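**Q** got an experimental structure here, sequence first:
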Amino acid sequence: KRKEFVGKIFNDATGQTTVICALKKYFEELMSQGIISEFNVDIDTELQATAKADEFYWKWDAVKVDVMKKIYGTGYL
Amino acid sequence: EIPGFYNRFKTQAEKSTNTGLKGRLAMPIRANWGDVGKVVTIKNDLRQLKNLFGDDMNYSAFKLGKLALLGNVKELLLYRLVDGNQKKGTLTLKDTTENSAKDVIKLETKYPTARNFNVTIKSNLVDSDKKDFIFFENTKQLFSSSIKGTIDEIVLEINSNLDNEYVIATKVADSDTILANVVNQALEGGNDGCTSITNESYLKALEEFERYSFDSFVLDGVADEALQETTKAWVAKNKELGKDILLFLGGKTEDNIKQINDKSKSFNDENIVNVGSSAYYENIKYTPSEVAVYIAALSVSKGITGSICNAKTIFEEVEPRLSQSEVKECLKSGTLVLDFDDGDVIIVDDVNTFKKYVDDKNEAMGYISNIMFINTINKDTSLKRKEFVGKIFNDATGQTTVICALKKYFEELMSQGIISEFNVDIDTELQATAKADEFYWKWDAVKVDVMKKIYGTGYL
């Protein structure tokens, strides 16, 4: 995505929104595959406040879907 | 392939099948004949046992194998026990063309043994250069052959026909000279298999047996105590490692019923079954462990959908013989003992050594059939491990799929009637505490019982 967004959109609210929307679409594609159980992606307003005008900061959390490695069963008769 | 109409006929087992067999059993054995140092599976035809380990009843191998096969096990797994000195028989042949005769062929038994496998070589009466090679065991002829006086063709023919499977021929030298005549010369240098067999050999055999999976183990029909504790610990380890192996044992012939009951008290793990009674089948006695082989074989052949509490035995006599007081004493002790309730010898009950204790491991656990059921459920579940572990994502869909598969399995069990009632569900108590990469689940069931006791009251 660097080449899609770097040097091609103006760092205004519109450009930031477009970048966030594209990343959200990608993560929602991942969600549709079920790989991720939960996620959120948002602007890193903490670092964006300190960001220079020609740069952008963003944050995202996710939860990869696990797999059974261990399984335990208990029986009653 | 090229165009055409190419038939490939497959009438190999059209209706040559029957379903009267089940189960598999482990067997450390002492044998005069057969393979050494490997765990070999034997199909229930005793001819296979006779071929692959001989027909000598002086050895644990053939006798306990026959008992197990009469127990109707689907596949009997054997292991020949030996001391390191145990050896193959051997014989050497020499030429006669040269005055300084040179060894040119050596004959060695195909399997380690000490039996008197004998060989004869004589001048061929038809062809001048041919020698008639004949093979015996104590003069009982196995195979005869005739080859011209070149060593390569001689050894190739002797190794070619499977009628000569008892012995292997190897070339000592590349001679084209006339062989020396021998008459019933035994393949000496071999050693038997009953030579200095100790607990270490059994330990090695058990370590070999760790590879495989079994329905029961019986320990060679030998009642040596230290071997019994060793096998007890070994089975406990196997259970903790997810291998659900059942063990049958038999006390010494010298032990009184009190001593047998004391030993059956000493054993209290559910996978331990102690056998007290001795028996005769072909007018030949069998120690409690030798018949423990047969009872384990019959139990595994029964599988699920059956029991042993009144299964008829092949034995023509049983001893020592018990009144109802003695029978009740033995059952309370957890001992399993045969009985003569009718003109045949009949198994008294389904009990195991655990039965001395009651409540936590329930009274049904005191019966062998319940243990076989639980081990089977554990085995099928531990088969499902590979289907489900590391292959589905722990989401609600994966949990539902696992639960649905287990429900289908238990419903298959219900269709067979083995279970009267069951439910299987997620263990939400432990699932709440479960780590994200694991799953917990619970199930209740009710195995269908069998009449052991019946009572009738009459009115006239």
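**A** Great, that's in hand. Numbers count the residues shown, from 1 in each chain, chains lettered A, B, ... in the order given.

**Q** what segments of chain A are helices?
**A** A:2-5, A:13-32, A:45-50 (DSSP state H).

**Q** other SSEs contacting the shortest one?
**A** Okay, so that is helix A:2-5. On a contact count with 3 or more Cβ pairs under 8 Å, 6 or more residues apart in numbering or on different chains; DSSP states H and E, helix A:2-5 meets helix A:13-32. (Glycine included, C-beta is placed from N, CA and C.)

**Q** give me the buried positions along the helix it packs on.
**A** Neighbour-count burial for helix A:13-32, counted by 16 or more other Cβ atoms under 10 Å in any protein chain shown, picks out A:16, A:19-20, A:23-24, A:27, A:31.

**Q** kindly report the same for stretch A:43-59.
**A** So for stretch A:43-59, counting by 16+ other Cβ under 10 Å, buried means A:43, A:56.

**Q** close to chain B: what parts of chain A are there?
**A** Listed as neighbours of chain B in chain A under the rule Cβ under 8 Å from any Cβ of the partner chain: A:34, A:37, A:65-77.

**Q** so how many other residues sit close to residue A:69?
**A** Counted by other Cβ atoms under 10 Å in any protein chain shown, the residues lying close to residue A:69 total 12.

**Q** also residue A:65?
**A** 19.

**Q** list only buried entries from the residues of chain A next to chain B.
**A** Among the residues of chain A next to chain B, the ones that count as buried by 16+ other Cβ under 10 Å are A:65-68, A:71, A:73, A:77.

**Q** pretty sure residue A:23 contacts residue A:16?
**A** No - using Cβ atoms under 8 Å, residue A:23 is not in contact with residue A:16, being 10.8 Å away.

**Q** chain neighbours aside, what residue packs nearest to residue A:77?
**A** residue B:445 (5.5 Å; Cβ to Cβ, 6 or more residues apart in numbering or on different chains).

**Q** surely that neighbour and residue B:370 touch.
**A** No - using Cβ under 8 Å, residue B:445 is not in contact with residue B:370, being 10.9 Å away.

**Q** what do these two both touch?
**A** By Cβ atoms under 8 Å, 6 or more residues apart in numbering or on different chains, residue B:445 and residue B:370 have these common neighbours: residue A:77.

**Q** straight-line length of stretch A:63-74, end to end?
**A** End-to-end distance for stretch A:63-74: 29 Å, by Cα to Cα, to the nearest Å.

**Q** before we move on, what about stretch A:58-75?
**A** So stretch A:58-75: terminal residues 50 Å apart, Cα to Cα.

**Q** that older thread, from the residues of chain A next to chain B, which ones fall inside strands?
**A** A:37, A:70-76 (DSSP state E).

**Q** of all pairs in those residues, which one is the farthest apart?
**A** Using Cβ to Cβ, these reach their maximum pairwise distance at A:37 and A:76, which is 31.3 Å.

**Q** list the residues that contact the residue nearest to residue A:77.
**A** Contacts of residue B:445 (Cβ under 8 Å, 6+ apart): A:75-77, B:410, B:419, B:421-422.

**Q** tell me the bridge partners for it.
**A** residue B:422 (DSSP bridges).

**Q** now, the most widely separated pair of the contacts of residue B:445?
**A** A:75 and B:421 (14.0 Å).
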